[PDB]
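S.K.: Got a structure for you, questions after.
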Amino acid sequence: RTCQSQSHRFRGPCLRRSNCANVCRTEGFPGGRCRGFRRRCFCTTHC
């Protein structure tokens, strides 16, 4: 299953997906996508 958990240590909006991906991959996740109302990066992990 795909589980998306927000990037807590993320800063700014998820507009720059590079920053989203960087945070998510460094935190040990496959990828980061947008899923929050406030344009929050969500790391998509596999459950």
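Order determines the names: the first chain of the structure tokens is A, the second B, and so forth; residues in each chain are numbered 1 upward, and ligands are numbered 1 upward as they are shown.
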Please provide as a ChimeraX atom specification all residues within 10 Å of residue 43 of chain A, with the sequence filter that same-chain residues fewer than 3 positions apart are discarded (counting only C-alpha atoms).

M.R.: /A:2-8,20-21,23-25,27-35,40,46

S.K.: Take the residues from that selection and put them in a file with N, CA, C and O atoms, as a PDB file, in the first residue's frame.

M.R.:
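In the end it all went to part-v4.pdb:
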ATOM      1  N   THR A   2       0.371   2.303  -0.543  1.00  0.00           N
ATOM      2  CA  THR A   2       1.066   3.551  -0.539  1.00  0.00           C
ATOM      3  C   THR A   2       0.584   4.404   0.617  1.00  0.00           C
ATOM      4  O   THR A   2      -0.612   4.643   0.763  1.00  0.00           O
ATOM      5  N   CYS A   3       1.487   4.812   1.448  1.00  0.00           N
ATOM      6  CA  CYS A   3       1.156   5.612   2.591  1.00  0.00           C
ATOM      7  C   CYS A   3       1.921   6.915   2.525  1.00  0.00           C
ATOM      8  O   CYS A   3       3.129   6.925   2.344  1.00  0.00           O
ATOM      9  N   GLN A   4       1.231   7.998   2.640  1.00  0.00           N
ATOM     10  CA  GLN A   4       1.846   9.302   2.575  1.00  0.00           C
ATOM     11  C   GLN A   4       1.843   9.976   3.924  1.00  0.00           C
ATOM     12  O   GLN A   4       0.792  10.185   4.535  1.00  0.00           O
ATOM     13  N   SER A   5       3.016  10.273   4.398  1.00  0.00           N
ATOM     14  CA  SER A   5       3.214  10.943   5.656  1.00  0.00           C
ATOM     15  C   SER A   5       3.889  12.275   5.357  1.00  0.00           C
ATOM     16  O   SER A   5       4.806  12.317   4.534  1.00  0.00           O
ATOM     17  N   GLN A   6       3.444  13.353   5.982  1.00  0.00           N
ATOM     18  CA  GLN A   6       3.989  14.658   5.659  1.00  0.00           C
ATOM     19  C   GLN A   6       5.403  14.826   6.146  1.00  0.00           C
ATOM     20  O   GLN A   6       5.801  14.272   7.175  1.00  0.00           O
ATOM     21  N   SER A   7       6.162  15.544   5.381  1.00  0.00           N
ATOM     22  CA  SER A   7       7.509  15.853   5.701  1.00  0.00           C
ATOM     23  C   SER A   7       7.511  16.941   6.786  1.00  0.00           C
ATOM     24  O   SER A   7       7.185  18.119   6.523  1.00  0.00           O
ATOM     25  N   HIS A   8       7.845  16.545   7.988  1.00  0.00           N
ATOM     26  CA  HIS A   8       7.786  17.419   9.136  1.00  0.00           C
ATOM     27  C   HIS A   8       8.893  18.463   9.090  1.00  0.00           C
ATOM     28  O   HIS A   8       8.649  19.637   9.339  1.00  0.00           O
ATOM     29  N   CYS A  20      11.104  18.793  -1.954  1.00  0.00           N
ATOM     30  CA  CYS A  20      10.198  17.774  -1.445  1.00  0.00           C
ATOM     31  C   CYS A  20      10.884  16.393  -1.535  1.00  0.00           C
ATOM     32  O   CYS A  20      11.006  15.669  -0.533  1.00  0.00           O
ATOM     33  N   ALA A  21      11.408  16.085  -2.718  1.00  0.00           N
ATOM     34  CA  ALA A  21      12.090  14.830  -2.981  1.00  0.00           C
ATOM     35  C   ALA A  21      13.336  14.688  -2.123  1.00  0.00           C
ATOM     36  O   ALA A  21      13.565  13.634  -1.536  1.00  0.00           O
ATOM     37  N   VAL A  23      14.110  16.100   0.818  1.00  0.00           N
ATOM     38  CA  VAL A  23      13.768  15.834   2.217  1.00  0.00           C
ATOM     39  C   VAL A  23      13.269  14.399   2.378  1.00  0.00           C
ATOM     40  O   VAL A  23      13.741  13.661   3.238  1.00  0.00           O
ATOM     41  N   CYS A  24      12.369  13.996   1.519  1.00  0.00           N
ATOM     42  CA  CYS A  24      11.824  12.662   1.581  1.00  0.00           C
ATOM     43  C   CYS A  24      12.870  11.573   1.370  1.00  0.00           C
ATOM     44  O   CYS A  24      12.891  10.590   2.109  1.00  0.00           O
ATOM     45  N   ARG A  25      13.772  11.750   0.419  1.00  0.00           N
ATOM     46  CA  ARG A  25      14.760  10.719   0.163  1.00  0.00           C
ATOM     47  C   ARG A  25      15.795  10.673   1.287  1.00  0.00           C
ATOM     48  O   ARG A  25      16.239   9.589   1.669  1.00  0.00           O
ATOM     49  N   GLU A  27      15.184  11.428   4.421  1.00  0.00           N
ATOM     50  CA  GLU A  27      14.514  10.831   5.572  1.00  0.00           C
ATOM     51  C   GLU A  27      14.252   9.329   5.368  1.00  0.00           C
ATOM     52  O   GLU A  27      13.735   8.661   6.269  1.00  0.00           O
ATOM     53  N   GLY A  28      14.602   8.813   4.191  1.00  0.00           N
ATOM     54  CA  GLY A  28      14.507   7.384   3.929  1.00  0.00           C
ATOM     55  C   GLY A  28      13.230   6.957   3.239  1.00  0.00           C
ATOM     56  O   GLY A  28      12.753   5.838   3.447  1.00  0.00           O
ATOM     57  N   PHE A  29      12.684   7.823   2.424  1.00  0.00           N
ATOM     58  CA  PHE A  29      11.460   7.533   1.708  1.00  0.00           C
ATOM     59  C   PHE A  29      11.708   7.478   0.209  1.00  0.00           C
ATOM     60  O   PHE A  29      12.666   8.073  -0.275  1.00  0.00           O
ATOM     61  N   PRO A  30      10.878   6.727  -0.548  1.00  0.00           N
ATOM     62  CA  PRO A  30      11.000   6.627  -2.011  1.00  0.00           C
ATOM     63  C   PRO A  30      10.844   7.982  -2.720  1.00  0.00           C
ATOM     64  O   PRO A  30      11.692   8.373  -3.538  1.00  0.00           O
ATOM     65  N   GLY A  31       9.781   8.697  -2.413  1.00  0.00           N
ATOM     66  CA  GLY A  31       9.550   9.955  -3.062  1.00  0.00           C
ATOM     67  C   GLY A  31       8.647  10.846  -2.272  1.00  0.00           C
ATOM     68  O   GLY A  31       7.974  10.385  -1.336  1.00  0.00           O
ATOM     69  N   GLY A  32       8.627  12.099  -2.634  1.00  0.00           N
ATOM     70  CA  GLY A  32       7.793  13.062  -1.971  1.00  0.00           C
ATOM     71  C   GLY A  32       6.844  13.671  -2.950  1.00  0.00           C
ATOM     72  O   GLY A  32       7.241  13.987  -4.072  1.00  0.00           O
ATOM     73  N   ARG A  33       5.599  13.804  -2.568  1.00  0.00           N
ATOM     74  CA  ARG A  33       4.567  14.333  -3.444  1.00  0.00           C
ATOM     75  C   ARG A  33       3.768  15.378  -2.673  1.00  0.00           C
ATOM     76  O   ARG A  33       3.957  15.537  -1.476  1.00  0.00           O
ATOM     77  N   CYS A  34       2.895  16.080  -3.343  1.00  0.00           N
ATOM     78  CA  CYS A  34       2.029  17.041  -2.684  1.00  0.00           C
ATOM     79  C   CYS A  34       0.736  16.364  -2.251  1.00  0.00           C
ATOM     80  O   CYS A  34       0.156  15.568  -3.016  1.00  0.00           O
ATOM     81  N   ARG A  35       0.310  16.626  -1.022  1.00  0.00           N
ATOM     82  CA  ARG A  35      -0.924  16.035  -0.493  1.00  0.00           C
ATOM     83  C   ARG A  35      -1.594  16.927   0.597  1.00  0.00           C
ATOM     84  O   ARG A  35      -2.738  16.680   1.000  1.00  0.00           O
ATOM     85  N   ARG A  40       1.945  20.978   1.486  1.00  0.00           N
ATOM     86  CA  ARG A  40       2.922  20.278   2.297  1.00  0.00           C
ATOM     87  C   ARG A  40       3.422  19.051   1.559  1.00  0.00           C
ATOM     88  O   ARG A  40       2.637  18.321   0.949  1.00  0.00           O
ATOM     89  N   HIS A  46       5.992   3.029   1.276  1.00  0.00           N
ATOM     90  CA  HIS A  46       5.259   1.855   0.968  1.00  0.00           C
ATOM     91  C   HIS A  46       4.986   1.080   2.237  1.00  0.00           C
ATOM     92  O   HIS A  46       5.905   0.773   2.998  1.00  0.00           O
TER      93      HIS A  46
END

S.K.: What does the distance between atom CA of residue 44 of chain A and atom CA of residue 12 of chain A come to in Å, to one decimal place?

M.R.: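 Between atom CA of residue 44 of chain A and atom CA of residue 12 of chain A the gap is 18.2 Å.
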
S.K.: If I take atom CA of residue 14 of chain A and atom CA of residue 37 of chain A, how far is one from the other in Å, to one decimal?

M.R.: 10.6 Å

S.K.: Identify all residues of chain A in helix (DSSP H, G or I) (DSSP on the backbone) and supply them as a PyMOL selection string.

M.R.: chain A and resi 17-26
